[PDB]
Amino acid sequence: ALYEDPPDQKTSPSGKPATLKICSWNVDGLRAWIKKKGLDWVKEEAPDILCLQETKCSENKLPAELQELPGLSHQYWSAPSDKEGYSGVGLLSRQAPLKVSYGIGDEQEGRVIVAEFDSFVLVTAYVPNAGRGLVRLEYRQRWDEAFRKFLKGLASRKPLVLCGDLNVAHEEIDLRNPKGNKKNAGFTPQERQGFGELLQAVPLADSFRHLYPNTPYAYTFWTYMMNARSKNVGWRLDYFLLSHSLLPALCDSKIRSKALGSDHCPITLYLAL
């Protein structure tokens, strides 16, 4: 019940070489993640685009080591006004996006950045957690609806890549304890339904599951507590979702289980654009 990520497939089914590498990572504390060597791993992974969620760091406190990534020199940050110490996302890109926007239209929690590139639009998101004891599930349900709507009036323009921490394991294969977590944040019925609606309405494909429909034990998050990470007791909360039009560009969708620094691990997408 431990998992070994298959090797990197850097060739599309029509046989073209991957031209774009996107890495997404919930860092659960950007400053702590940086002190735990996250930027060293990123530099090794060398993505063209790096998305980060749950930064928990205001723009004024962004450590200057981030400017020491000249291969990801264009950096955009979204932080909440009200909340201090919670939320926050970032998008770092080798090339400048044609346009960058923040939020989902009715603002400000610092959860979503939208970067328009030449061939596609990239959304990164830190979806609100339903909370211990489902306290914020009502907020989460309305956010899902708003987000779904926002994304619809977006993929109507160009193909869409949505990455980040969606805070839900879609199906049972997506977590280690399906039956014990049916009323816990991330596996409620309302939350699994919302993910399904996300996929139906936009529409989007789950990159990893498209490529690995039968693969179990593939998680991107483990609670710090107990030793869940060491025992692979975890959840797949972090996704790359794509418009159908992009499936022929899809070379691979990775889970970087070995990379430390957070209670989530990175995920990496390869596309042949």
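Residue positions are given as counts along the sequence shown, with the first one as 1.
For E172, the fraction of other compared entries lacking coordinates, among those that model flanking residues, is zero, nowhere near a third.
Across the other PDB entries of this protein whose models span the neighbouring residues, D144 is modelled without exception, so it is unmodelled in far fewer than a third. A chain break between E197 and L198 is not present, all residues of the deposited sequence in that interval being modelled. Of the two segments examined, 185-193 and 108-116, it is 185-193 that shows the higher average Cα temperature factor in the deposited entry. Mean CA temperature factor is higher for 5-13 when stretches 5-13 and 260-268 are set side by side in the entry. Within the listed group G85, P203, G90, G103, the record reports its top CA B-factor for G85. Looking at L247, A32, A46, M225, the one whose CA carries the top B-factor in the deposited record is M225.
Looking at the C-alpha B-factors along this chain, the one for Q53 belongs to the lowest third. In the PDB entry, a CA B factor belonging to the middle third of its chain's modelled residues is recorded for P159. In the deposited entry, the Cα temperature factor of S81 sits in the top third of values across the chain's modelled residues. Annotation for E68: CA B-factor lies in the highest third of the chain's modelled residues. Sort the chain's modelled residues by C-alpha temperature factor and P97 lands in the lowest third, per the entry.
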